[PDB]
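K.L.:
3D, please:
(chains A, B, C, D, E and F)
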Amino acid sequence: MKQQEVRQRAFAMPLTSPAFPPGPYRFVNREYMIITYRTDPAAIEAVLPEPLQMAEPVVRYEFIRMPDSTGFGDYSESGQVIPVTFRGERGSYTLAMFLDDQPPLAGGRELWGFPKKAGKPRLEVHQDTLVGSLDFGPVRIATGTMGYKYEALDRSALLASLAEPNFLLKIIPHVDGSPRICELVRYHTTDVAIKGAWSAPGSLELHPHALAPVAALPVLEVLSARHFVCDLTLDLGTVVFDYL
Amino acid sequence: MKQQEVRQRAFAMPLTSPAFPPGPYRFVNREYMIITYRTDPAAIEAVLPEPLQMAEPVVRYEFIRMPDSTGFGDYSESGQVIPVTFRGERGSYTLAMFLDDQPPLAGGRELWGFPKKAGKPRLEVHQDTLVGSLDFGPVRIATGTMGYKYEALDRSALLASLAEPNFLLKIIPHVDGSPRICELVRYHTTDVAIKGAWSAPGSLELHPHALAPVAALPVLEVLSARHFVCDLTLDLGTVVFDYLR
Amino acid sequence: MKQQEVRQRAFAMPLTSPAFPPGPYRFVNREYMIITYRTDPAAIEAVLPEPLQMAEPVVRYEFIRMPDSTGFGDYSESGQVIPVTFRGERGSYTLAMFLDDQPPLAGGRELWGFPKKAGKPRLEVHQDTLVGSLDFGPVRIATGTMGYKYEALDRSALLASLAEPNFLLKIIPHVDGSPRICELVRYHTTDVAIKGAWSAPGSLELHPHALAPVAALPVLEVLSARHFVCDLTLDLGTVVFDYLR
Amino acid sequence: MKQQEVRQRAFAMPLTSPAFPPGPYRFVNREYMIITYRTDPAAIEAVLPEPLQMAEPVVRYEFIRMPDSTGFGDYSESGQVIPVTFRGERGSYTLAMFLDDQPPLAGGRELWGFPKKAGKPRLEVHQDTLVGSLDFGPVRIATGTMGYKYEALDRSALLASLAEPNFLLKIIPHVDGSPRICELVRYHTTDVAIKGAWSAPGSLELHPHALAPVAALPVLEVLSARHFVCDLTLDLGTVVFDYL
Amino acid sequence: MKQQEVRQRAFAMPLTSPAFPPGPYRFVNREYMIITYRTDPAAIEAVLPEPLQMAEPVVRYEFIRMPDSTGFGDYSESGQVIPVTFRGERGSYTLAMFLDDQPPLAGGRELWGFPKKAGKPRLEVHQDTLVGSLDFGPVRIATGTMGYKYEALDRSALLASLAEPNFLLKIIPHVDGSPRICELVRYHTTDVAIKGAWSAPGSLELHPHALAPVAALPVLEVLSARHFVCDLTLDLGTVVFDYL
Amino acid sequence: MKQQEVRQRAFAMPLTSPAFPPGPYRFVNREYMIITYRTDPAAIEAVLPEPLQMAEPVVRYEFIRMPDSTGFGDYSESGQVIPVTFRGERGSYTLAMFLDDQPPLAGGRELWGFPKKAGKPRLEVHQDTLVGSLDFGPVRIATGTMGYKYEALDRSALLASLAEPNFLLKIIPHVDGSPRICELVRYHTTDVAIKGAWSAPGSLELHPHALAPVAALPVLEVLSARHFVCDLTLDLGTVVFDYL
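P.N.:
Numbering: from 1, shown residues only, chains lettered A, B, ... in the order given. Here you go, the structure:
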């Protein structure tokens, strides 16, 4: 509690009982429903921050169950991710995520710079159908469906996809409201072990919301639906571009 | 979207739909129940970061209703504040807070460096008693009671505290886990219009929790209780010590 | 604790934690629905204690919301008031009241000698109708209705009644059952700020009950209905006749 | 309704339909759980009104079911009572009681001067355990437990205890707020018929409350627990000391 | 059925349909939350039977889920365990245990001498917190919490802890009420496989109860908390000291 | 807590807070519904342990409410009882019993050797019918019905069946699984006061269950139904035949 021990001990607020712990952040049996859809290219351009370059005019809309996550607990996630290139390198940009557990929400924002907001994601099998849903308070803003494990998915393509760089725009205001942090961050998921992976026919419907504008990239054509279960490690990011 | 527009628009993540808006953050009919209690001085020193210095060994345990908040909505808060001095100026230090609404939560942390976690605070009149509760998941970690408006409080004497400085240790990790922001912040509540203020007898019980350790400052005796309602602006804060200079 | 301190501290039981606190008893946004009805004059004389004298043969049946009361909390009341004169001064006599909160109940009785019993009064707007109800245990003993704010009322004319004296027969047994306190009390509501007042059509039905005999003054015809909201102080009362002099 | 008939008829408010009737107050099958505990002697001294003298630094914490009570009905009670002497005579002082029925609450206060407040007492057998509880609105302020009828209790000691004088500080304000009544009252329970009486291991926990400060005499050590069922008559009090 | 068949078939009551079966008792995915706290040494000395010897003034308070238990079914346990020495060997003494399933309750008492009573133990993750509770009828008697999986635990230390002897005082009355069995019993859990093991911050609160007096070992200071999942076999015990 | 205290204190586990107290075990307003049915004689001989001998081929199927039981609490029982001779003397053998309260279940098994298992017995009047039911988990295994108090029953004859010896086969395993106790126990209900006794038409239906096999003694023909209320003392039993 001397000034030097404060510098040394500081990690997250509150100092003496921080809102989230340090890693490694290990995920066991995270379960993904991802519905990939073609959207209006004009709508991607309108939200994409340079130096990031646009790729195919597609959105990957995700529902993730994370029943066993070190330091964070048991939670679910929904999100919009978009394919991009940075220095001609191919990866992903996360536009929006929604979580129902606070430690991964604060940790996500403050540490990597995931653009997390609060919401009620669910991902469940109802007899014959895998149903993904997202509510923001009392308003349903996303409903995804897939058939159940119709065909095995190619592990190669999947593992190569999970290996790609993931980019995020970390912004943190200074006490005065002006940006104190404002960088592009690259992170990876590593030690990936697939437990199973499948495709099936899929569907997505999005709904408008003032505070959760997923509907701003409209579902013109659903292209594919993938469902998979894996263990992985969410590695710390590194800054690849600093706006300041 | 060119990289100069990115730098202009940037306030909070996500860039194009921020988790919370800029102020001013106005508060109408903000309602307080504050229970002051004498605790173990050793427990206070364990948690107080220098150059902050300890005053009287008391905790002000608070429950707050905020039904009307610009940009944040309608929410409640409970938390633990202690009397402090910095450079021999008297003020408060916020040790822990707990809210049931996300924008004020992210906002609180990312902007001022309020030490916010999620919780279920309640403050409700039950016939003759004003009851403050805090639950953390299924566990009750704080229960406070007061009589209802027994004695009108010296209002002029109240604004005596509502004008003094509030200190916070703002900490934000860098991507690698080492601190990127680590500073003491001084903020003020300004524009304070008191609608009523009262004292009455009071009680408090706190329960242990691994992730909400309010009970760590133990309730040795209750000293006072106050209930008040007001309008108020939460002004943006200032750095008054930067640990990473 | 010496017997002089006992005599100084003594206000209400229990000595060290009284069932209700001293005033002033301030009331904010006190809301009234009052249904006035013509009853059998004989029924009024059966229950009116001399030297009180009967005026017009009417009952003002009231339902009152008191969401903000110093020392008492948040409660409701329903009861039966009659026009009276004492020494040719016009005022009211309270025949029966019913409350859902204990401190105002003990307070009411022990201090002023309000004739309070326990009950479940409600006063709520249901779309187009203002509905007053009183239940005594599982039994509905009073239902009142009004239209909603049809005609604004002459406010100056209203304070005409809110300034006149209210009489109560205060009775407290001695330990042996014979009366130790038995007096007529005059109290006033002062500091009265009316926020709104209205009239509309009205109805009333009352049902028998062995222990809540409101129906004993039967509803022969409804004469008027009024609805109003106000701030108000219930001043401490005065003895104006002592039956045990 | 002439002034003379008012004097004659007056008993309790309201005059013509009084809030509680006159006696005799007869109790059939009242059922007691009493947990006796040692407390801080300093805490008794702080609430004890002289001429009353302190005795052993113990509190008897009671839960009473009264299913059949003349003039009052069917109700439950919880309370703190403390052993005292008055003129070297041994008996009891009632610090706090809580009831869930209005006639015995008004009657109790106005007639004997029991220090009654409102609350939700319960006393119930749950399989193997006698559970006493007290709530004050939404806050539990007392929880007592006992085993079920482990051993028969000595009737002698019990009957001698129920025969002891019971003292109360009756206070009633005058219309102006200053004491109009302020006396020590002595009353007895008579025509006592025990139907059964037992002991077992017992427990008590108290919780703080601004308006119901039972916790102000802390449970240092539980000394005993007694459970008993009896008929009795609650006799009128007599004033043994008048402060005015 | 002849007298000889009776002895040959006799295992547990009822003879022809025993309340629990013979082993081996195998456990799959046993999940533990153990909070270790410092207590009053005099409070342990009050309850530890010689020839057992006290070690540290420490209590290991446990919440255990047993979803898959051969012979017994699917149940939960909460218990209070004291480090002891006996004949130069470090071990544990089981003071109290509470279970929500009858065959392992009768089985544990009558076979090993586990000190078991009935209760409602729970152990569940609520978002970011692991929460352990025990109710005895309507009364909460224990609440424990841990962070979720903050850091990995030394698996070698854990296995050595699961290898130490576990001592129980088995008592069974004769028909006349005098002891027919009164003996110290030693048992082990063997064939142990750790599926995972973590530490994190922890808390415990205990409440008094007349029939489940876990609160008689007060929580002066919480020392550690551990959370693990394992398979094991509860082996039959052996007598190590016969009091008769 | 010394060695020689251990064998003086020791009655039931846990040593310091036993699962059930010593007696006398006193029952007030024990209410019985007994349906007597003729069964397959071969089914009785299959379960009857020599030196016990079969009498009439009947079963007495019981539903018992025990609202007031010293040391045990308030609970219900259902069970199967057969007439028997031992050494030419007429008594009963208890085949099977089910209780909803732990202290009397442990106490019954460990002390007398009643063949007690957990279940949910109920006995209640529904308008015109006395209905006894027994559930074992989600499964109904016994439903009995009687008319309500059709004719007063000869008490002097009743009181006699209540003086007959009751025999039990007490079995307790040793820590190694071999029988440590295996004996016929004789016990009596004494100090009996019949408060009323009645007969009426009756019915009984039984359903199979793997772990509660009452249906193994099939209901061939219902012979009689009896309903009665009483106070009694369950005396400690005596060993009348030790298999070991």
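K.L.:
show me the helices in chain A, by range?
P.N.:
Assigned by DSSP state H, the helices in chain A fall at A:3-9, A:41-45, A:102-107, A:155-163.
K.L.:
would you list those helices in TSV and tack on mean neighbour count and distance to residue C:49?
P.N.:
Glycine gets a C-beta too; all of them are placed from N, C-alpha and C. Below are those laid out as TSV (neighbours: other C-beta atoms under 10 Å in any protein chain shown; distance: least, C-beta to C-beta, whole Å):
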stretch	mean neighbour count	distance to residue C:49
helix A:3-9	13	76
helix A:41-45	14	83
helix A:102-107	26	65
helix A:155-163	13	89
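K.L.:
dump those helices into TSV; add distance to residue B:37 as well.
P.N.:
Shown next, in TSV, are those (distance: least, C-beta to C-beta, whole Å):
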stretch	distance to residue B:37
helix A:3-9	26
helix A:41-45	55
helix A:102-107	27
helix A:155-163	52
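K.L.:
quick one, which of the ones you listed is nearest to chain D?
P.N.:
In terms of C-beta to the nearest C-beta, the element of the helices of chain A nearest to chain D is helix A:102-107, at 25.9 Å.
K.L.:
gap between the closest one and the chain center?
P.N.:
Relative to the centre of its chain, helix A:102-107 is centred 13 Å away, using C-alpha atoms, centre = their mean, to the nearest Å.
K.L.:
just stretch A:38-48 next, same as before
P.N.:
Between the mean C-alpha position of stretch A:38-48 and that of its chain there is a distance of 18 Å (C-alpha atoms, centre = their mean).
K.L.:
any bit of it sitting next to chain B?
P.N.:
Yes: where contact is defined by C-beta under 8 Å from any C-beta of the partner chain, part of stretch A:38-48 touches chain B, namely A:45, A:46, A:47, A:48.
K.L.:
give the contact list for the first one.
P.N.:
By C-beta atoms under 8 Å, 6 or more residues apart in numbering or on different chains, residue A:45 lies in contact with A:54, B:1.
K.L.:
rerun that using 10 Å as the cut-off
P.N.:
Residues in contact with residue A:45, defined by C-beta atoms under 10 Å, 6 or more residues apart in numbering or on different chains, are A:54, A:57, B:1.
K.L.:
again with the last one
P.N.:
Residue A:48 makes contacts with A:54, A:55, A:82, A:84, A:93, A:95, A:169, B:1, B:6, B:15, B:16, as judged by C-beta under 10 Å, 6+ apart.
K.L.:
before we move on, what about the third one?
P.N.:
For residue A:47, the contact set (C-beta under 10 Å, 6+ apart) comprises A:80, A:82, A:93, A:95-96, A:213, A:216-217, B:1, B:14-17.
K.L.:
run the last query once more with 6 Å
P.N.:
Taking C-beta atoms under 6 Å, 6 or more residues apart in numbering or on different chains as the definition of contact, the neighbours of residue A:47 are residue B:16.
K.L.:
which residues of chain A lie near chain D?
P.N.:
Applying the criterion C-beta under 6 Å from any C-beta of the partner chain, no portion of chain A neighbours chain D.
K.L.:
in chain A, what residue comes closest to chain C?
P.N.:
When C-beta to the nearest C-beta is the measure, chain A has its nearest residue to chain C at residue A:138, with 23.6 Å between them.
K.L.:
out of the contacts of residue A:45, who's nearest chain E?
P.N.:
Distances from chain E to those, taken by C-beta to the nearest C-beta, are shortest for residue B:1, at 35.6 Å.
K.L.:
hang on, residue A:174 packs against residue A:181?
P.N.:
No: taking contacts as C-beta atoms under 6 Å, residue A:174 lies outside contact range of residue A:181: 8.8 Å.
K.L.:
out of those two, which sits in the busier spot?
P.N.:
residue A:181 (24 against 17; other C-beta atoms under 10 Å in any protein chain shown).
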